[PDB]
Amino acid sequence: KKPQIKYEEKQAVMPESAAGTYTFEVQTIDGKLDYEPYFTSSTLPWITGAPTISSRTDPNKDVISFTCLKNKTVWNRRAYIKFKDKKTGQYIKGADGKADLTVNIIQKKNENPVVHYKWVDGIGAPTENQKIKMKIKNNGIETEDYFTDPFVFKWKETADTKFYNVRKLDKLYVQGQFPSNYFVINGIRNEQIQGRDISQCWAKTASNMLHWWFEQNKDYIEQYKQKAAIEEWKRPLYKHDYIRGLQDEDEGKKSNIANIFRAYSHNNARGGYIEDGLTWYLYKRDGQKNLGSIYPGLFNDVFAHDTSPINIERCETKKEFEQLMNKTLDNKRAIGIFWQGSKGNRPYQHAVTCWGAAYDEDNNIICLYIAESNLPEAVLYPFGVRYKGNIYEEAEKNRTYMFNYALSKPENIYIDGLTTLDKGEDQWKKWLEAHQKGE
């Protein structure tokens, strides 16, 4: 009788997050088969060495040992052990006699990660009094449990916060309760205009980024107003007013920039693009003609498409997403995100604004802080970052999925890329120097 080994593969081996040498048992039938265990990847950095048979003293079973590093991340991480017959060199067969015998190793996440944060330049950082914990909800009902990871917080807007989150009047509006004139805007010819925004996620994202940009360049823009030969109709557009502390019923009074998009741009049910709204506001490009009934193009002698402070990049792996986020965050740029996937049974594509990110001790990006013009509260919401494939030896694609803490469910929604808006310092400085050279 040939000895065999058996293992019930439905049982994962789940070591704790701490570093250590962990063990599981393999049943040895009719003797002690001469075999050697192997990880499916030998290069996984968080496993030190090969598995070994650490005890055979029990005639009925062997103990297998393997050694892990500490899992500092907030995600489980997987490895796989198979077994080779030391004589035939073949992999030993599992229970069905056709698949190789495989043991699933799942090292558990760190329950006490140390977290640090990076925020878009110039918006400050949340105080503890500005951070709001979130109730774990299930099927739509709060369980009165809360998400306990400390990076899971809403960043509440107050009189003192410096991010921007313009919200859709069409989402906030309650018919028969809100004022009948909720949607009215006083236009440029101080005419009365009623704008809707149910499909303007791209314009809300553009407006948030433009508020940040006008604030960061406020001194340059004051000089521009005084030195440039501004077109008469455009003069009132060289400011930004974002009024914090308003009620939902007063959202129409909150942002002059958002109101410009809502009054004069488009609300096509097909949507728009962040970068198109940004171009439309800042300089002339032929493609952005007919985006709306006016063309602000407010700084056309500062910027052109060749000197554009607007960039669009894509990401399909953890490495690419993280490279892009870090480059953007270390460079004084505002961040628009295009989300892509499925929400329910319908295709989903959405533009939101990102104001910062949380990192674990390995500098993995674990959560983003999002201005979400579709969500009701005047806060930034946390969106957790998750990966479906290995993050240590990455596949060709490993998309950056989003966890919706507000819906308290995972969704098949991921980040396709970023549209970023740079301060444009070199361009502004060159414009200013050219004026002083003419004086």
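Numbers follow the displayed sequence, beginning with 1.
- Note on 78-86 vs 163-171: mean CA B-factor is higher in 78-86.
- The mean C-alpha temperature factor is higher for 41-49 when 379-387 and 41-49 are set side by side.
- The maximum CA B-factor among the listed residues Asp276, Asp241, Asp306, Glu361, taken from the PDB record, is found at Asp306.
- By the numbers in the PDB entry, the CA B factor is greatest at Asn345 among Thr158, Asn259, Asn217, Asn345.
- In the deposited entry, the Cα temperature factor of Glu36 places it in the highest third of its chain's modelled residues.
- In the PDB entry, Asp416 places in the highest third of its chain by CA B-factor.
- Ranked against the other modelled residues of its chain, the C-alpha B-factor of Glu142 as given in the entry falls in the highest third.
- In the PDB entry, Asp62 places in the lowest third of its chain by CA B-factor.
- Among the modelled residues of the chain, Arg189 sits in the highest third by CA temperature factor in this PDB entry.
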